[PDB]
C-alpha cells in the first residue's frame, strides 16, 4: 500500500504536486514530505506511461513541463566541452533561461517525453519513494 493519497506502482508510491517549484526546491520537498522521497525517477516505458497518467490532470493547466529527478550535476552551464574549432568552452553568455541542465516531462507528448529545461524555472512535479 501507499500512504494518504499517494498512488502505488511496481512497489513504489508516487504523488503529483501541483504547486510549482524550481527543480532544487521540488527535490527538497520530495525529500521532506516522504520517507526517503525524491523527485520521480523513470526507468522504463511502462513506468513512464503510469507517470503520464498520474499527471494527466496537469494537461489542462498552463505549465508545459513537470519536473522529474534527472539532471546534469556539473557546475558549468552546459555540457559540450569544446567549441566547433576545438577551443575550450569557458566564457559563455546565455540569456536567462537558456542554460538547461534539469529535465521535465513535456506537455506536447501528454507528459511522456522529457526535455532539458532551466533548473530555476517553476513547475509542478512528481515525488516517489519505496514502500
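Positions refer to the first chain, counted from 1.
Entry-level comparison of average CA B-factors, 1-9 and 121-129, reporting the higher stretch: Per the PDB entry, the higher value belongs to 1-9.
Mean temperature factor over C-alpha atoms, higher-scoring stretch between 84-92 and 65-73: The entry gives the higher C-alpha B-factor average to 84-92.
Residue with highest C-alpha B-factor in the PDB entry, from 44, 106, 99, 31: Among 44, 106, 99, 31, the highest C-alpha B-factor in the entry belongs to 44.
Ranked against its chain, the third holding the CA B-factor of residue 59: For residue 59, whose C-alpha B-factor we compare with every modelled residue in the chain, the answer is the highest third.
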